[PDB]
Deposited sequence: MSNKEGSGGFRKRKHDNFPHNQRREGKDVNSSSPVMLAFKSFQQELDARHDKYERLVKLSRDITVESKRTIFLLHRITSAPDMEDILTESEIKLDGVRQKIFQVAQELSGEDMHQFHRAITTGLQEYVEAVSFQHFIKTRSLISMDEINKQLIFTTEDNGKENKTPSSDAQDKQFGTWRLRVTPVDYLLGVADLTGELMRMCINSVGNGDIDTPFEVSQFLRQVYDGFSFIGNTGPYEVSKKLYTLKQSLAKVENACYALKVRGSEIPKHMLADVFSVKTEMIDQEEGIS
């Protein structure tokens, strides 16, 4: 009852309880990170070559700072803990963040932000730090492709005849990358591969339509 075995299992119960509490805390942090990252994405989708592209962009950078602050807390919550141990609790959140910053970066620079470039921003001092796993990164970029096809079709809609082709190129590259990796990668990633093919097709088909229409000199008027 106060026996040695019972003492052991009490320290076990306290230890576990502590770990599960930390896990739950991280899960709430991760949900919040996910929601705010997706909101950032929705915002960025508001850009339309129109003037406010700058303001929008700036505002997104504000939101992302906020998200990073959440991430900061996660880093604190994890100090003195083994990295991947609590990973299942935050992976989704991280992935969403990856989708967000990368989307933003593509909007600004037409390039793919690297894993290390993303981590660079996840260092905080007063000094804590968090690193996105290559797999978090991979999944997040996969989703990024869907947001990009969304942007391509959107632009076609509002008269843009440049953007679509830029996206088609970037997406052809990313697809070739995932095909390079192939089955030397985690199951999750291969799951992505199909939806990835879907997106690529939609964009190449958009650009094809543009090429066909725009190459036409009509000889019959109305």
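Lining up the deposited sequence with the coordinates, I want the ranges that have no C-alpha atoms. In the chain as deposited, 1 to 30, 157 to 176, 273 to 290 carry no coordinates.
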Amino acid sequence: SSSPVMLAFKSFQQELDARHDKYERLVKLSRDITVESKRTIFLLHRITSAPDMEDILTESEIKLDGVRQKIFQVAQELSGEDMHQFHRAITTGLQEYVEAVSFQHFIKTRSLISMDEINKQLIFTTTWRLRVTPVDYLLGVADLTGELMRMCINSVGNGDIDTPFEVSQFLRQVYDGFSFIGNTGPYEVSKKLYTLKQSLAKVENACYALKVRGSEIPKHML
From here on, numbers count along this sequence of modelled residues.
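- request: Going by the average Cα B-factor in the PDB entry, point out whether 183 to 191 or 28 to 36 comes out higher.
  value: Looking at the record's C-alpha B-factors, the answer is 183 to 191.
Original post:
As stated in the PDB record, which stretch has the larger average Cα B-factor, 52 to 60 or 171 to 179?
Top reply: If you average the C-alpha B-factors of 52 to 60 and of 171 to 179, the larger mean comes out for 52 to 60.
- Query: Of the options 97, 137, 128, 103, which has the highest CA B factor as deposited?
  - Reply: Highest C-alpha B-factor among the listed options: 128.
* Asked: Considering only 148, 123, 141, 74, which residue's Cα atom bears the greatest B-factor as recorded?
  -> Checking the PDB record, the top C-alpha B-factor among 148, 123, 141, 74 is at 123.
(Q) Quick check for you: using the entry's CA B-factors within this chain, is residue 114 in the lowest, middle or highest third? (A) Its C-alpha B-factor belongs to the highest third of this chain's values.
Would you please rank residue 79 by its C-alpha temperature factor against the other modelled residues of its chain and give the third it falls in: lowest, middle or highest? Its C-alpha B-factor belongs to the highest third of this chain's values.
key: Where the record places residue 133 (Cα B-factor, split into thirds across the chain)   = Within its chain, residue 133 is a middle-third residue by C-alpha B-factor, going by the deposited values.
Review point. Relative to the other modelled residues in the chain, which third contains the C-alpha temperature factor of residue 160: lowest, middle or highest?
Key: Within its chain, residue 160 is a middle-third residue by C-alpha B-factor, going by the deposited values.
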